[PDB]
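> Here it is: the structure, laid out below.
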Amino acid sequence: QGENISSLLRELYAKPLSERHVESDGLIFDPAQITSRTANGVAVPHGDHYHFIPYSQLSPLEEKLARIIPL
Ligand SMILES: [Zn+2]
């Protein structure tokens, strides 16, 4: 399972940044940096604050990885 998730995440990192989610303050979503996960989305740190990103704001691939990556 770990190897499968790593291969999928490698696939995401291989896409152009234009196809990945960016927050209004510039933060690029990275599933490997998820610190908390709920039913509506995930939390990622960004210095002195955390973002919460709803799954629906991510691409389908980004959502899949956000849901399955093991914390
Ligand atoms: Zn931020």
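Naming scheme: A, B, ... for chains in displayed order of the structure tokens; residues 1 onward per chain; ligands 1 onward as shown.
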Please build the interface table for chain A against ligand 1 with a cut-off of 7 Å, listing for each qualifying residue the nearest atom pair and the distance in Å to one decimal; count only C-alpha atoms and all ligand atoms, order rows by chain and increasing number, and write it as JSON lines.


{"residue": "A:25", "atom": "CA", "partner": "ligand 1", "partner_atom_place_in_ligand_line": "1 (Zn)", "distance": 5.5}
{"residue": "A:26", "atom": "CA", "partner": "ligand 1", "partner_atom_place_in_ligand_line": "1 (Zn)", "distance": 7.0}
{"residue": "A:27", "atom": "CA", "partner": "ligand 1", "partner_atom_place_in_ligand_line": "1 (Zn)", "distance": 5.7}
{"residue": "A:46", "atom": "CA", "partner": "ligand 1", "partner_atom_place_in_ligand_line": "1 (Zn)", "distance": 4.7}
{"residue": "A:49", "atom": "CA", "partner": "ligand 1", "partner_atom_place_in_ligand_line": "1 (Zn)", "distance": 6.3}
{"residue": "A:50", "atom": "CA", "partner": "ligand 1", "partner_atom_place_in_ligand_line": "1 (Zn)", "distance": 6.6}
{"residue": "A:51", "atom": "CA", "partner": "ligand 1", "partner_atom_place_in_ligand_line": "1 (Zn)", "distance": 6.2}

> May I have the selected residues written with N, CA and C atoms, as a short mmCIF file (atom, residue, chain, number, x, y, z; two decimals), in the first residue's frame?


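Contents of selection-v6.cif, as written:
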data_model
loop_
_atom_site.label_atom_id
_atom_site.label_comp_id
_atom_site.auth_asym_id
_atom_site.auth_seq_id
_atom_site.Cartn_x
_atom_site.Cartn_y
_atom_site.Cartn_z
N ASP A 25 -2.75 32.87 -1.11
CA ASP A 25 -1.48 33.41 -0.65
C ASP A 25 -0.28 32.67 -1.22
N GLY A 26 -0.48 31.82 -2.22
CA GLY A 26 0.61 31.20 -2.94
C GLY A 26 0.90 29.76 -2.56
N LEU A 27 0.36 29.27 -1.45
CA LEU A 27 0.66 27.91 -1.02
C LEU A 27 0.18 26.90 -2.05
N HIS A 46 1.38 26.27 6.98
CA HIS A 46 2.02 27.29 6.14
C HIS A 46 2.58 28.35 7.09
N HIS A 49 0.45 29.74 10.27
CA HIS A 49 -0.96 29.44 10.12
C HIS A 49 -1.11 28.13 9.35
N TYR A 50 -2.30 27.55 9.47
CA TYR A 50 -2.69 26.38 8.70
C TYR A 50 -3.80 26.76 7.72
N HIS A 51 -3.77 26.15 6.54
CA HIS A 51 -4.89 26.21 5.62
C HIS A 51 -5.77 24.99 5.84
#

> When you look at residue 67 (chain A) with a cut-off of 9 Å (counting only C-alpha atoms), what residues show up, excluding the ones that are within fewer than 3 positions of it in the same chain? I need them as a list in words.

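So, after excluding close chain neighbours, the residues are residues 31, 37, 38, 39, 41, 42, 55, 62, 63, 64 and 70 of chain A.
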
> I need the residue nearest residue 71 (chain A) from this list: A:1, A:6, A:36, A:18. Use only C-alpha atoms for the distance.

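Between A:1, A:6, A:36, A:18, the residue approaching residue 71 (chain A) most closely is A:36.
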
> Give me the residues within 9 Å of residue 34 (chain A) as JSON, numbers by chain, counting only C-alpha atoms and dropping any in the same chain fewer than 6 places off.

{"A": [42, 43, 44, 45, 66, 69, 71]}

> Generate the output file for the selected residues, N, CA, C and O atoms, as a PDB file, in the first residue's frame.


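Written out: selection07.pdb:
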ATOM      1  N   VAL A  42      -8.832  18.700   4.224  1.00  0.00           N
ATOM      2  CA  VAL A  42      -7.582  18.467   4.935  1.00  0.00           C
ATOM      3  C   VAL A  42      -6.948  19.795   5.325  1.00  0.00           C
ATOM      4  O   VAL A  42      -7.218  20.843   4.733  1.00  0.00           O
ATOM      5  N   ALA A  43      -6.085  19.730   6.332  1.00  0.00           N
ATOM      6  CA  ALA A  43      -5.349  20.886   6.815  1.00  0.00           C
ATOM      7  C   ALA A  43      -3.875  20.742   6.467  1.00  0.00           C
ATOM      8  O   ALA A  43      -3.292  19.663   6.625  1.00  0.00           O
ATOM      9  N   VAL A  44      -3.277  21.833   6.000  1.00  0.00           N
ATOM     10  CA  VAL A  44      -1.853  21.859   5.679  1.00  0.00           C
ATOM     11  C   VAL A  44      -1.212  23.062   6.363  1.00  0.00           C
ATOM     12  O   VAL A  44      -1.808  24.149   6.386  1.00  0.00           O
ATOM     13  N   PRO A  45      -0.015  22.920   6.928  1.00  0.00           N
ATOM     14  CA  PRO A  45       0.638  24.057   7.580  1.00  0.00           C
ATOM     15  C   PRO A  45       1.281  24.999   6.578  1.00  0.00           C
ATOM     16  O   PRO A  45       1.685  24.606   5.481  1.00  0.00           O
ATOM     17  N   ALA A  66      -5.244  13.118  -1.045  1.00  0.00           N
ATOM     18  CA  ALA A  66      -5.540  13.740   0.241  1.00  0.00           C
ATOM     19  C   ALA A  66      -6.309  12.787   1.145  1.00  0.00           C
ATOM     20  O   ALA A  66      -6.116  12.786   2.366  1.00  0.00           O
ATOM     21  N   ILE A  69      -3.615   9.267   1.838  1.00  0.00           N
ATOM     22  CA  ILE A  69      -2.231   9.310   2.323  1.00  0.00           C
ATOM     23  C   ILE A  69      -2.218   9.007   3.819  1.00  0.00           C
ATOM     24  O   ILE A  69      -3.045   9.559   4.571  1.00  0.00           O
ATOM     25  N   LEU A  71      -1.357   9.185   7.662  1.00  0.00           N
ATOM     26  CA  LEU A  71      -0.782  10.119   8.623  1.00  0.00           C
ATOM     27  C   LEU A  71      -0.190   9.365   9.811  1.00  0.00           C
ATOM     28  O   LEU A  71      -0.658   8.281  10.166  1.00  0.00           O
TER      29      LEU A  71
END

> List every residue of chain A that DSSP, applied to the backbone, labels as strand (DSSP E or B), and write the result as an mmCIF file with N, CA, C and O atoms, in the first residue's frame.


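What landed in selection22.cif:
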data_model
loop_
_atom_site.group_PDB
_atom_site.id
_atom_site.type_symbol
_atom_site.label_atom_id
_atom_site.label_comp_id
_atom_site.auth_asym_id
_atom_site.auth_seq_id
_atom_site.Cartn_x
_atom_site.Cartn_y
_atom_site.Cartn_z
ATOM 1 N N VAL A 22 -3.497 25.837 -5.923
ATOM 2 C CA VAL A 22 -2.772 26.934 -5.291
ATOM 3 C C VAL A 22 -3.750 27.764 -4.469
ATOM 4 O O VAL A 22 -4.864 28.054 -4.916
ATOM 5 N N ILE A 28 1.094 26.034 -2.479
ATOM 6 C CA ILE A 28 0.765 24.905 -3.340
ATOM 7 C C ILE A 28 0.387 23.726 -2.455
ATOM 8 O O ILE A 28 1.128 23.366 -1.532
ATOM 9 N N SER A 36 -3.787 17.314 9.293
ATOM 10 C CA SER A 36 -5.075 16.904 9.827
ATOM 11 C C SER A 36 -6.031 16.662 8.670
ATOM 12 O O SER A 36 -5.940 17.312 7.626
ATOM 13 N N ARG A 37 -6.951 15.721 8.868
ATOM 14 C CA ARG A 37 -7.883 15.328 7.822
ATOM 15 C C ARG A 37 -9.265 15.129 8.420
ATOM 16 O O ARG A 37 -9.404 14.494 9.469
ATOM 17 N N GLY A 41 -12.353 17.822 4.100
ATOM 18 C CA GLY A 41 -11.087 18.232 3.519
ATOM 19 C C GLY A 41 -9.939 17.998 4.480
ATOM 20 O O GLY A 41 -10.054 17.219 5.428
ATOM 21 N N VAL A 42 -8.832 18.700 4.224
ATOM 22 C CA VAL A 42 -7.582 18.467 4.935
ATOM 23 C C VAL A 42 -6.948 19.795 5.325
ATOM 24 O O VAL A 42 -7.218 20.843 4.733
ATOM 25 N N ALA A 43 -6.085 19.730 6.332
ATOM 26 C CA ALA A 43 -5.349 20.886 6.815
ATOM 27 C C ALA A 43 -3.875 20.742 6.467
ATOM 28 O O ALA A 43 -3.292 19.663 6.625
ATOM 29 N N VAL A 44 -3.277 21.833 6.000
ATOM 30 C CA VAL A 44 -1.853 21.859 5.679
ATOM 31 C C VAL A 44 -1.212 23.062 6.363
ATOM 32 O O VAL A 44 -1.808 24.149 6.386
ATOM 33 N N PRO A 45 -0.015 22.920 6.928
ATOM 34 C CA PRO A 45 0.638 24.057 7.580
ATOM 35 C C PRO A 45 1.281 24.999 6.578
ATOM 36 O O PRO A 45 1.685 24.606 5.481
ATOM 37 N N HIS A 46 1.382 26.272 6.979
ATOM 38 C CA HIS A 46 2.024 27.290 6.144
ATOM 39 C C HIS A 46 2.585 28.355 7.088
ATOM 40 O O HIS A 46 2.042 29.451 7.240
ATOM 41 N N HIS A 49 0.455 29.740 10.271
ATOM 42 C CA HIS A 49 -0.958 29.439 10.115
ATOM 43 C C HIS A 49 -1.111 28.132 9.353
ATOM 44 O O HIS A 49 -0.183 27.662 8.690
ATOM 45 N N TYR A 50 -2.300 27.547 9.468
ATOM 46 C CA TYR A 50 -2.693 26.377 8.697
ATOM 47 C C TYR A 50 -3.796 26.757 7.724
ATOM 48 O O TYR A 50 -4.663 27.575 8.045
ATOM 49 N N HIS A 51 -3.766 26.153 6.542
ATOM 50 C CA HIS A 51 -4.888 26.211 5.623
ATOM 51 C C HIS A 51 -5.771 24.991 5.838
ATOM 52 O O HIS A 51 -5.289 23.910 6.183
ATOM 53 N N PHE A 52 -7.071 25.170 5.647
ATOM 54 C CA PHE A 52 -7.979 24.051 5.457
ATOM 55 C C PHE A 52 -8.478 24.102 4.024
ATOM 56 O O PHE A 52 -8.945 25.151 3.565
ATOM 57 N N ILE A 53 -8.347 22.990 3.312
ATOM 58 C CA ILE A 53 -8.719 22.957 1.902
ATOM 59 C C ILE A 53 -9.818 21.919 1.701
ATOM 60 O O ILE A 53 -9.579 20.720 1.911
ATOM 61 N N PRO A 54 -11.032 22.320 1.320
ATOM 62 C CA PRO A 54 -12.063 21.320 1.015
ATOM 63 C C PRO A 54 -11.638 20.430 -0.143
ATOM 64 O O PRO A 54 -11.005 20.880 -1.100
#

> Mind giving me the straight-line distance from CA of residue 29 (chain A) to CA of residue 58 (chain A) in Å, one decimal?

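About the pair CA of residue 29 (chain A) and CA of residue 58 (chain A): they are 8.5 Å apart.
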
> Just the number, please: distance in Å from CA of residue 13 (chain A) to CA of residue 32 (chain A), one decimal.

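If I compute the distance from CA of residue 13 (chain A) to CA of residue 32 (chain A), I get 10.6 Å.
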
> Counting only C-alpha atoms, what is within 9 Å of residue 59 (chain A), bar same-chain residues fewer than 5 positions away, as a ChimeraX atom specification?

/A:19-21,64

> Going by DSSP on the backbone, which residues of chain A come out as alpha helix (DSSP H)? List them as JSON, numbers by chain.

{"A": [2, 3, 4, 5, 6, 7, 8, 9, 10, 11, 12, 13, 60, 61, 62, 63, 64, 65, 66, 67, 68]}

> Have a look at CA of residue 61 (chain A) and CA of residue 7 (chain A) and let me know their distance in Å, one decimal.

12.5 Å
